[PDB]
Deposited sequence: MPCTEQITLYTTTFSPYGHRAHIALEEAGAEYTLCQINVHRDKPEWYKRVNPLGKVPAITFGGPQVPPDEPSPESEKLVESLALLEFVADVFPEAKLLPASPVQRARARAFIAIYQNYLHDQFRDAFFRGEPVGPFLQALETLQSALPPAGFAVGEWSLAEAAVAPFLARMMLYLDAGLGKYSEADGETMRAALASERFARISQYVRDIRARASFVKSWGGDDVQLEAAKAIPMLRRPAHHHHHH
């Protein structure tokens, strides 16, 4: 693929991180534009200020000067599938329809059962119980080794940014949860109940594409400590 590709994300967004992983896995040639957690020009990417976004094709332009020709795309999971469609050679999904369906179902488990709990527990200080159960549900869909469908796929691009932050926040004591709920979760994730999901995060954090788009625990940790809803 030779069309130009620009990924727009706010500096520490897990949604942009999704697309960043996928572009790295794809070996894509792309421009990354990070906006500070908003400039007047961004209305030319998306009039509603929606982030992340990808511009595709049109002339090569600096990201703060998006062309009228380029196609503008939003919605992080669609962006994942889009990178895969543009770079089929990279096999960002497995080859078999059955395995691509399992990968997609894994992402559904995250979106439909865990995502909202993670937010309730870490950002709203709601009871932590449902979060742990949903984390276990996701964990139960993992095979005993490798990634969600064996090899790395869009499933990892989708969930890695969130699981990695959940752990980091948890290790750092960040989140609106009670001191007691904080302890319940910390012991939850260090217990054997969650050995699998913790190794999964480890294997994720070792992945080059993740390493490059994470920027390091220290940077994420400093961004982390500036989020009002983590207190």
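S.K.: Could you give the ranges of the deposited sequence that carry no C-alpha coordinates?
M.R.: Those stretches are 1-2, 40-42, 237-245, listed in order.
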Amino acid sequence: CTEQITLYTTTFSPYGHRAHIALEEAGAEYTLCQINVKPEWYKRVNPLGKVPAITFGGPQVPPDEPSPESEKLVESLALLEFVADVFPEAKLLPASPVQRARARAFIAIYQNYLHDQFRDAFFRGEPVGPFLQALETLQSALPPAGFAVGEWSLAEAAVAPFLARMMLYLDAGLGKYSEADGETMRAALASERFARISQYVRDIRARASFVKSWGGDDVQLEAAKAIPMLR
From here on, numbers count along this sequence of modelled residues.
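S.K.: If you average the CA temperature factors as listed in the entry, which stretch comes out higher, 118-126 or 138-146?
M.R.: The recorded data point to 118-126.
S.K.: Higher mean Cα B-factor in the deposited model: 49-57 or 188-196?
M.R.: Per the PDB record, 188-196.
S.K.: Against its chain's modelled residues, does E25's Cα B factor rank lowest, middle or highest third?
M.R.: It falls in the bottom third of the chain.
S.K.: Is the Cα B-factor recorded for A208 in the lowest, middle or highest third of its chain?
M.R.: Middle third, going by the recorded CA B-factors of the chain.
S.K.: Hey, what third does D64 fall into on Cα B-factor, ranked over its chain?
M.R.: Within its chain, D64 is a lowest-third residue by C-alpha B-factor, going by the deposited values.
S.K.: Compare the C-alpha B factor of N112 with those of the other modelled residues in its chain, then answer lowest, middle or highest third.
M.R.: According to the entry, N112 has a C-alpha B-factor in the chain's highest third.
S.K.: Please place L163 in the lowest, middle or highest third of its chain according to the CA B-factor in the PDB entry.
M.R.: Its C-alpha B-factor belongs to the lowest third of this chain's values.
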